[PDB]
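**Student:** I have a structure I would like to understand better, so I am pasting it below and will then ask my questions one at a time.
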Amino acid sequence: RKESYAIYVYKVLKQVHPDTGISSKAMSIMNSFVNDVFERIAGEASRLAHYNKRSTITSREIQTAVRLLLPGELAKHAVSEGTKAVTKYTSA
Amino acid sequence: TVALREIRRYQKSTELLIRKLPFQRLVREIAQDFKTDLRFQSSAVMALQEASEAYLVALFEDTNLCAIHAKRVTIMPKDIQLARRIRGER
Amino acid sequence: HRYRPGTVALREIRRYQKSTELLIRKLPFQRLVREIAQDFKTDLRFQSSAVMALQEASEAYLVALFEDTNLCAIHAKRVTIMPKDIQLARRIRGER
Amino acid sequence: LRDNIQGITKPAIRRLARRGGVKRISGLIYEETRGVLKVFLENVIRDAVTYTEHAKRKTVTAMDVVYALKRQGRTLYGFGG
Amino acid sequence: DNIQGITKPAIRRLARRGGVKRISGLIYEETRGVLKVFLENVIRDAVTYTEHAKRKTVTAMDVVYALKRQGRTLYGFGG
Amino acid sequence: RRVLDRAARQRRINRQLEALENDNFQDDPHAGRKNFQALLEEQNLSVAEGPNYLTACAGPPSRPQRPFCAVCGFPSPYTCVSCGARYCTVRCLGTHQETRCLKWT
DNA sequence: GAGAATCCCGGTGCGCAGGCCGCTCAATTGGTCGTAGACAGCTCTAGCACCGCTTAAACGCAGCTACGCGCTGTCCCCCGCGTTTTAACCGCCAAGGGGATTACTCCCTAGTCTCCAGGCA
DNA sequence: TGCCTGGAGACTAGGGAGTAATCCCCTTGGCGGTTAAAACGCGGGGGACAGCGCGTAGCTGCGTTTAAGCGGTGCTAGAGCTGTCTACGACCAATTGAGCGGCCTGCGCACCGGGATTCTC
Ligand SMILES: [Zn+2]
Ligand SMILES: [Zn+2]
């Protein structure tokens, strides 16, 4: 069994471009990209937690890592999306 | 005239510019020194070729910038040397 | 007496490469740092060590950039450094 | 606090160039160097302020600047960590 | 001597992809040397990764990790 | 961008105008006596010394010069800053800058 | 041969680096005990080594002319140095406020374990 | 489609707020000097930039030559997976000494001052 983000990437693509497909090589590129940004954000969250002598990675750590890593407009939009997701999650 | 047409032709394309078999031989020759009787996956050699061609294209672009800065159209080895020296790979 | 052009420049090159002292006045740099920071967040206090670290990093960055700029100037058969030299150095470095 | 970029002085930029080995300097180099230093400081200070804001602090410590520089790829020694 | 396998027209193609109009005759040796250095570094790291895994076959993941640690990530082979 | 002084503009205009009097643009296909300037300097022709070749030259026109586009020939409201050549549209300006502005390709 | 800039040897003063002294807290020692993985053993995949055609690319020559480079000739703009500005920087004079650190308490909130069904490769 | 794996459901111990206290330390308007880096002329040298003329080296076009590429085949090294069972590392109490500041004081290094040597013109 091999795990990949191909299914979720396909779902997102269908949400954004319902009539547009994706080739296998492009899907591999997308999986690699998702893994790369995941590892980068998690590594920055880990460094932030270790610097502040905190044993837990919380939403604040991920938000700060996103602000540090992503450029301006992407960073602010991602922060808004994450805050919205967390707010919806806590209220359900 | 032909140079600009060739630039556009290779610029629009995506295929690998280096021939596959000579590059595979070069990769195996380089790897021979580090370890004996090394086997390579085909995907590994394809990845090496992709990285090498991207590296060379980016370097050539920086060397073209260096040549233009010298009021020259031809690229000379000193341009490659300066590109690598400024980039820091020296 | 009057030294021919270039001699005093080389003399001060040797002088400033012998030393390790900071070359920018500390108060103007502190004001510049505070001016840049007030845009990101108001009511921010800088420790003296933080400002000194910023000054050291900035001076090292500028020295290395000037080395690259001088290499660009020697290329294309020149001695003077011009803004095109800095632009080429930055573009080759991967900035901009 | 306004127009503090002029605090980077022409003799200061000349001294930095002399440390870098520059013999002759054009008149337009000073504005370019001021802009480049402005950009570099903006990036480093933004990262440092993010680190300080994460710790719920109001004082930017040298450790925060060191962490910002390390993130930028410019690790600095002698100021802790 | 397989470095001559990188033919002069291939170097011309790479330069043209980079927008170079004219190429000097001494560029070919220089670019062969540069490519040899780059390949030596990447392959050395990849062989280190392969040896650590007690494997005798250099997989694509080894090359991907070597490139990533060299500072130039490569997409499309890691997943 | 760079700017060309009056001497450069006048030299370019004189060179272009003299090229219109050239017999051929190519060289002799066989590839293996005076000229007009030698004739003028030998004649030692002085102005106001009665009717002659120099005094017969037509004077400046009264009607002002009409600008035309250096690329397509249609009337040109615009003047290139760097070299002073006239042009009429963004496309024509790009063509002029790529072909004949500054360095004369 | 003049001048100007270092350089080189004594003296000297200061502040900090290297050392000694309590004290504590975190390595160390001696145990138990899950379990990670080292080691057989198997399987079956793909990496390599051979052909034999197709043909597109690489190569060697010829002819050509485009541009790199050396050589001159302005001329402008930056350097070296003198004279004037000014802005770092210290001092003041005031009343208390920050604002990061270390100890207590204490309570949500993660982790761990059990069971189950459904998301996914 | 048949799983593993993510999701309820109960305990539970501790990480991370609150809350003092507590210690450290300037903090900021308007003032007034006062030097030493800046700032401002400016004369002139020399470097930047623009021609101009060669002449040679890249570029293009062509006819061979070559080997990359593609398709079968074929054989095995070796990548990947599984079952055992030990050796090894995680916890956990007691010791204990090595490593922290606190505090001090030689001594190295910064600096000054003549005289000498070296560098530029
Ligand atoms: Zn037109
Ligand atoms: Zn023009």
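Here chain D follows Swiss-Prot for its numbers: 23-103, in order, are the residues you see.
Note: Cβ is positioned from N, Cα and C throughout, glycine not excepted.
According to Swiss-Prot, the record shows the following:
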| type | residues | note |
| --- | --- | --- |
| MOD_RES | D:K32 | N6-lactoyllysine |
| MOD_RES | D:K32 | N6-(2-hydroxyisobutyryl)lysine |
| CROSSLNK | D:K32 | UFM1 cross-link |
| MOD_RES | D:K45 | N6-(2-hydroxyisobutyryl)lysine |
| MOD_RES | D:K45 | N6-propionyllysine |
| MOD_RES | D:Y52 | phosphotyrosine |
| MOD_RES | D:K60 | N6-glutaryllysine |
| MOD_RES | D:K80 | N6-butyryllysine |
| MOD_RES | D:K80 | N6-(2-hydroxyisobutyryl)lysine |
| MOD_RES | D:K80 | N6-propionyllysine |
| MOD_RES | D:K80 | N6-glutaryllysine |
| MOD_RES | D:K80 | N6-acetyllysine |
| MOD_RES | D:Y89 | phosphotyrosine |
| CROSSLNK | D:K92 | ubiquitin cross-link |
**Student:** Could you state the CA-to-CA distance between D:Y52 (phosphotyrosine) and D:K32 (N6-lactoyllysine) to the nearest Å?
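**Tutor:** Cα of D:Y52 (phosphotyrosine) to Cα of D:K32 (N6-lactoyllysine) measures 6 Å after rounding.
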**Student:** Other Cβ atoms within 10 Å is the metric here; tell me which of the modified residues D:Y52, D:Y89 scores highest.
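**Tutor:** Ranked by Cβ atoms within 10 Å, first place goes to D:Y89.
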**Student:** Quick test of understanding: given the modified residues D:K32, D:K45, D:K80, D:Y89, name the ones whose C-beta is under 8 angstroms from chain C.
**Tutor:** D:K45, D:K80
**Student:** Restricting the comparison to the recorded positions D:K45, D:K80, D:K92, which residue's C-alpha is spatially nearest the C-alpha of D:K32 (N6-lactoyllysine)?
**Tutor:** D:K45
**Student:** In whole Å, note down how far the CA of D:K92 (ubiquitin cross-link) lies from the CA of D:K45 (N6-(2-hydroxyisobutyryl)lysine).
**Tutor:** 32
**Student:** Going by a 10 angstroms cut-off between Cβ atoms, which of the recorded positions D:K80, D:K92 has the sparsest surroundings?
**Tutor:** D:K80
**Student:** For the recorded positions D:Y52, D:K60, D:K80, D:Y89, D:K92, return the ones with C-beta distance to chain A below 8 angstroms, or 'none'.
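**Tutor:** So the ones by chain A are D:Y89.
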**Student:** Are there any residues at least 6 positions away along the chain from D:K60 (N6-glutaryllysine) with a Cβ closer than 8 Å to its Cβ? List them or say none.
**Tutor:** D:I27
**Student:** Return the count of C-beta atoms lying within 10 angstroms of the C-beta of D:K45 (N6-(2-hydroxyisobutyryl)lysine), excluding that atom itself.
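**Tutor:** Result for D:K45 (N6-(2-hydroxyisobutyryl)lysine): 17 neighbouring Cβ atoms inside 10 Å.
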**Student:** Validating a neighbour-count step here. Other CB atoms within 10 A of the CB of D:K32 (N6-lactoyllysine): how many?
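**Tutor:** Other Cβ atoms found within 10 Å: 14.
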**Student:** Round to a whole number and give the Cα-to-Cα distance in Å for the pair D:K80 (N6-butyryllysine) and D:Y89 (phosphotyrosine).
**Tutor:** 17
